[PDB]
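Trainee: Pasting the sequence and an experimental structure:
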Amino acid sequence: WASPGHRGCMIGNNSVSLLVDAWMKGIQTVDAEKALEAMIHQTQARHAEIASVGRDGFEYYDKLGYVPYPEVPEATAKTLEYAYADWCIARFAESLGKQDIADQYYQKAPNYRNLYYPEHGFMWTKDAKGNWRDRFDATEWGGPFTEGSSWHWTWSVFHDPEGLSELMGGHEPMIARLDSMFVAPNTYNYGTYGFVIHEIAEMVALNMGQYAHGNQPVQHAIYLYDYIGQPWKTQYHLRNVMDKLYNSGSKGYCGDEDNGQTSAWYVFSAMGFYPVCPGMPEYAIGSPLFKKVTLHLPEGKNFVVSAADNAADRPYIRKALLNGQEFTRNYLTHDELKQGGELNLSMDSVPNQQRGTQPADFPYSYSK
Amino acid sequence: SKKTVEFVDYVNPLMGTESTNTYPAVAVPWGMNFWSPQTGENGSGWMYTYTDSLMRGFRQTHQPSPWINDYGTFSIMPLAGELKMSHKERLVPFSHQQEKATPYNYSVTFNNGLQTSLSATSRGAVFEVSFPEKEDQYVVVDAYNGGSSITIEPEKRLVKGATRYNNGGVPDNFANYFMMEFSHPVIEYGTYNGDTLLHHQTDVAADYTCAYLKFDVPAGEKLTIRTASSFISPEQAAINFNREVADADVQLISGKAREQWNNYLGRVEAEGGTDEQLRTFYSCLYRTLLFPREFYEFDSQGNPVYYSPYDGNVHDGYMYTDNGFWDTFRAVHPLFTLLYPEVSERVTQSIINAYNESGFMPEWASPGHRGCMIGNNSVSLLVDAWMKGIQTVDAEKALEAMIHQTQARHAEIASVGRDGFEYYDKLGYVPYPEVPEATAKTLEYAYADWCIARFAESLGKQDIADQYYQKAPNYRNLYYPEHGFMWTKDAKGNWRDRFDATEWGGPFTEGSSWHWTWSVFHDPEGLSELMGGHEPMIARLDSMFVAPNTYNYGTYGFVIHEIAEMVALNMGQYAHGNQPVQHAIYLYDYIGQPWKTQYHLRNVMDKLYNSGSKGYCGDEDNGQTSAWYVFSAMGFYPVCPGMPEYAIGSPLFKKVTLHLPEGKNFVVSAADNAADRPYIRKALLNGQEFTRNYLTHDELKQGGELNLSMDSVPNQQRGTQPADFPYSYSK
Amino acid sequence: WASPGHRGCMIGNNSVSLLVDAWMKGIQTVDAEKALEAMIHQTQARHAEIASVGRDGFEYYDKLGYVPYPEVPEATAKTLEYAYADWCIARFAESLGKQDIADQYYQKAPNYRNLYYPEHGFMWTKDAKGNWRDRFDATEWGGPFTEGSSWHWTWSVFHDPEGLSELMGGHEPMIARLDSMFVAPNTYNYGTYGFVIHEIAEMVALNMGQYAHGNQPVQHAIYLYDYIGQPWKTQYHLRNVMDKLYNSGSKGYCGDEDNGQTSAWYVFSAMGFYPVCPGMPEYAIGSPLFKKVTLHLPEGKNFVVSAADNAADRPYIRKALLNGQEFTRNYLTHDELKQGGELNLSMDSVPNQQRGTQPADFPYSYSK
């Protein structure tokens, strides 16, 4: 966090993510050795006064496989962020040909596993001696978590959704845990009143918010269905969120936890794709908001997301062509966009449950 | 007497199939083998989901729930056009608009125009298939993974095989042996071993196996497929096949299943209610007549035999399975004791058989012992039946099995026997954190012990009865007086820190103290003694059913009244369908305010049920409340199995007639019933003024009539006297 | 608590408040030396049998500056009520001219600071050795609190709102916390389907009840905006409560936590003012319900609150004349009422944000 200089705020080593995400997309304006030194140092030291500068609790983390709590505040959210940063450093070292270093950091990429509580099916916390903290509670804020609860932080495994599903027992349980976050309106037998009862019911579920739109660690979560066999659910929930939690008025971001930090999330989602895991040059596909978006890219290249039959009642992708060729992958690569061309989508009011359900269609995970 | 609209016509097997749990079982009551369309992958407990649009097969299934999952399962899938072997690839689009699901027949037409329907007998099934013209015609047989085999005899139009897939609870020699026959010549055929499709091969055995047959049915003709299976042997499968389905077409098997459902469903006749209410009633009844399943077969001599899922041998007599007693003791088996006692006769026997075959009575069984849930509720089934005159087991043998269930535990399966019995005997409760789910366990054990005491008492064994009655008040040991709820203690008597009524897990099972505190069905009076008296108990109950608060918004009219109720539910203080509180609404009957029972019951029936795909709307209701609805709609409920009494609620229809054994009939008539008239103003039992809040089993059994005058306001003089209250141990 | 005689019920030394509030208003029919003796004994002793009689935990409180928990039940609520009572005794002693005794008791007036938990922003609890209790939770009822949680009891500082705001970090933080107590209806984008949507949304929040009208410790809370620069907020919320949680029917007190104990609050609030801190002869100004109220006081004096423009959609005070003189203070003294006269209010449908935001406008606080 910089305003203007170092400020003590939040957590993580996401400085690493900026450098590596840009690097793996071919944006390379810094010295490679200096960058790697800076990254490694960022994980092997910490500012004497400012906990957010460098890696708070790095010693425990290198020794134990996780940051412990209560020894270190917000230890579990930190652990989860460090694991992703370490994966980023591994990617970087590997692309430079420094395989031994890459392997050292790849060995840390799965540290998220060290805090998964199998009995409960969520992330949790342990002390320095390996004891789970007492009285598991999925909705308890604070302590080992930052700006959220296990309910949120459990999904913070962007580099390895597949590994997260394995912890959870497979694609099916993960899908069920994911579905439970987007509580559906329950009108019981009151429908008699018509669409009206249906609308109010939706409002109330939201007021409730199993899903906190705008909460950082779950911003990418709707896109996870692309990784586990059901992209139609991604399409449905994204379009619902765009229609219901946003407007151009003074209130603007109506999500209770959204204070405007979701702006970039909305631009990407409206275009139809989202970078679930920066450092991997891929964008998971959601569902476009408009009939057409044209991206004007460097060197006179243009990429078009075309959805000529898009409509408010048509969030689903029935079929897709990428540059005239049938396309069933649930992601576009950065190279695919960079070179220009077109993704042509046929929108529909019902899900196509045959499309994008195969392993070849899923985007990246460390454990695939 | 034949009617235009018959009982089975009201059943929607798709009820409970959306928001996914349930599959639309084609079956006869308690049938050994069920059949169902399959939309989920092989291996998935979510076999059929209403929102899925692609079908993979028609499964012979035994699955009692998604969590427990299946065993002894294979599938048949007719295909038109392209041949697909693996369940991963057999995905055929269809619409619910071309689907007709009934208990006696399931029929569906795929988007490609292929039509298929199937009907089941107890152990077999018959399919008819109409193939689209000018397309290749196939049937694929999927025998599942886990080590299976298939043999095709194409010149005889036969396929046989064995499936061994299971989710535990099976002996080492487990298998289901199946057999099927096709009406038309098999033109081509092949096998699949999970890796390769082998054309022309007739015999296959591997982890996962499938076979295909290719036909050439002439335009205008339909393919018939007949199938049956056995857990005993291929010989016995052929015996089942020849007795139940040989030479039959689908119309014949459909007609017989239809008649069986009307016979069994018709044992309770509901009249004077909406079509929606009739559909809800009969759909719940249908669900209630499915489990436990018969697990026996009739040999060449016509005598009942069975493959024991407990010792893997074949025995003479009866066996049932696919039941968790923790679920079904509360209302499912009590319904059987009343309306289908010939089933309870064989079930109780089967419990002793499992005990003889394994050393313990079952608690969750599928097929054999499975580690699931808690309690010794097998005892409840034996004892409830016994006090109702159903006595097919030997008394001494049953008593010995009961005592042992409370004095021992399976070496690896915690739910089999009594987890934590040492502590419980020494301390008067099961301690936590030493034993998981200790408090719920204590509460269940106290009830089981009360059951055993009642049983010994009825035999004359007063010494043994006194020992167990000593334990019946053990629930008192976990009541925390400072907070007025059940809680938990460790082995040294220390209360657990930071009491929280709403905290789930730990010493509780699938609930919190908010739910479990009510789990004292053998002693409501005693529970009220803990709480301070009837008055405080009433206030506490009142607090569970949060009423709508509209404030000054009513101005906006009654529309304001409707939305308010959703919310009051939408936060769920009483979680309808949560096991330990299923009886709780009836507790007002025990403490002087039956009108509150009448009101809340009728509210729940109106608001949390419908016959559609999301029919169980209670957030905590996945269909386990089927029998609760059936009883409640009839007007009474078995709050305490083991005591032959039913607490009186408020009936949903203008009339129900129960057809009981020996030509006896019991009528609950409420001629002025209506949606706004839930209260019982007055009652006559066989013509006599009746103010009790309960019927005894004998009063129902001997036949007669309960005549209720229903009203839109409560009658606050009726059923308020101590003579009116049902049983409590501490009275 | 008396019915007829001493009954063991609730907490505090609020008998002291009755005496001191009356005394500072010129009601003096008791012997001063005897009254002070009784007040002091009430804080320096406790009934052997009945906890609510005298001061439960007085030894700890004198020695530590708070009542500890788990040593003493309801210790935090007790500490806050005691600090207020001691402040009352200081005021009494001071007006009698006994400065040494007043100074002793003023010493204890700020004891509420001793249980404020800075890391969390709320009142909490400590044991005898000074350790904060584990697992902080603002919504947790019971234990150290009485008939409420920290959410309610954190506001229980009637004699020093300015001081309470210092603890929170300033007027601004305190305002934000106050604001969060009155959850505003969120209708997202459904306003599209009419004002009715708006009505339902308000029920839901109340059904939510973040502010528990009738919970004693927060009864005065709506008036705290008068102290920190934003009386229009007091005006809005007050009128909102009167309109929505009251009626004259059998269910008249609609507040979920309101069983009739708020009837005096309604009477004062409808008149336009409220005694936030008994013992200080002032009344914080709210917003009147009627076009006119006339109070007939002793010696033939009448005090009138006129609001000739009052209406359901005009809860705001735009301008005020007190006895014909421009008036911007957010309180009236007892003397101003007693002597007779008129407060002439001009009501409006929008807030006047220039009025009553100056320090001279704020009512009493011990640390002012």
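Mentor: Sure, I can see it. Numbers count the residues shown, from 1 in each chain, chains lettered A, B, ... in the order given.

Trainee: show me where the stretch 151-300 of chain A has strands.
Mentor: Remark: strands assigned in the stretch 151-300 of chain A by DSSP state E, counting those that start in this stretch are A:273-274, A:282-285, A:292-296.

Trainee: contacting residues around the second one?
Mentor: If I follow you right, that is strand A:282-285. Identification of contacts with strand A:282-285 by Cβ atoms under 8 Å, 6 or more residues apart in numbering or on different chains yields A:220, A:223, A:226-227, A:231, A:234, A:268, A:272-276, A:317, A:329-334, A:337, A:363-364. Backbone N, C-alpha and C define where each C-beta goes, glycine included.

Trainee: list the contacts for the residue lying closest to residue A:17 once chain neighbours are set aside?
Mentor: Among residues not flanking residue A:17 along the chain, residue A:278 sits closest, at 5.0 Å (Cβ to Cβ, 6 or more residues apart in numbering or on different chains). Neighbouring residues of residue A:278 by Cβ under 8 Å, 6+ apart: A:17-18, A:20-21, A:158.

Trainee: show me what contacts the residue in the stretch 201-350 of chain A positioned nearest to chain C?
Mentor: In the stretch 201-350 of chain A, no residue comes nearer to chain C than residue A:254, which is 4.7 Å away by Cβ to the nearest Cβ. By Cβ under 8 Å, 6+ apart, the contact list for residue A:254 reads A:244-247, C:186, C:188-189.

Trainee: Next: residue A:148.
Mentor: Applying Cβ under 8 Å, 6+ apart to residue A:148 gives the contacts A:77, A:141, A:212, A:215-218.

Trainee: Neighbour-wise, which one of these leads?
Mentor: residue A:77 (29 neighbours; other Cβ atoms under 10 Å in any protein chain shown).

Trainee: where's that residue relative to residue A:152, distance?
Mentor: If you measure residue A:77 against residue A:152 using Cβ to Cβ, to the nearest Å, the figure is 9 Å.

Trainee: now swap in residue A:326 and tell me
Mentor: Counting by Cβ to Cβ - residue A:326 and residue A:152 are separated by 37 Å.

Trainee: Among those two, which residue is more densely surrounded?
Mentor: residue A:152 (26 against 8).

Trainee: doesn't residue A:220 make contact with the more buried one?
Mentor: No. With contact defined as Cβ atoms under 8 Å, residue A:152 does not reach residue A:220; the gap is 11.6 Å.

Trainee: For the longest helix along chain A, which helices and strands make contact with it?
Mentor: Using DSSP state H to assign secondary structure, the helix with the most residues in chain A is helix A:75-95. For helix A:75-95, the packing partners by 3 or more Cβ pairs under 8 Å, 6 or more residues apart in numbering or on different chains; DSSP states H and E come out as helix A:15-24, helix A:32-44, helix A:58-64, helix A:99-106, helix A:150-153.

Trainee: Need the CA coordinates for it. CSV is fine.
Mentor: The C-alpha coordinates for helix A:75-95 follow below in CSV (Å, rounded to 0.1, in the frame of the first residue of the first chain):
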residue,chain,number,x,y,z
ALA,A,75,-2.5,-15.2,9.9
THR,A,76,-4.8,-17.3,7.6
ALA,A,77,-5.7,-14.7,5.1
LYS,A,78,-1.9,-13.9,5.0
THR,A,79,-1.1,-17.6,4.4
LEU,A,80,-3.5,-17.7,1.5
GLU,A,81,-2.1,-14.6,-0.1
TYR,A,82,1.5,-15.8,0.5
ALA,A,83,0.8,-19.1,-1.2
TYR,A,84,-0.4,-17.3,-4.4
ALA,A,85,2.6,-14.9,-4.3
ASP,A,86,4.9,-17.8,-4.0
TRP,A,87,3.3,-19.5,-7.0
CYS,A,88,3.9,-16.2,-8.9
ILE,A,89,7.5,-16.1,-8.0
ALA,A,90,7.8,-19.8,-9.2
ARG,A,91,6.2,-18.9,-12.5
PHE,A,92,8.7,-16.0,-12.9
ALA,A,93,11.8,-18.0,-12.0
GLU,A,94,10.7,-20.9,-14.2
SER,A,95,10.3,-18.7,-17.3
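
Trainee: now that helix against helix A:99-106, angle please.
Mentor: For helix A:75-95 against helix A:99-106, the angle by axes from the mean of the first three to the mean of the last three Cα atoms, to 10 degrees is 160 degrees.
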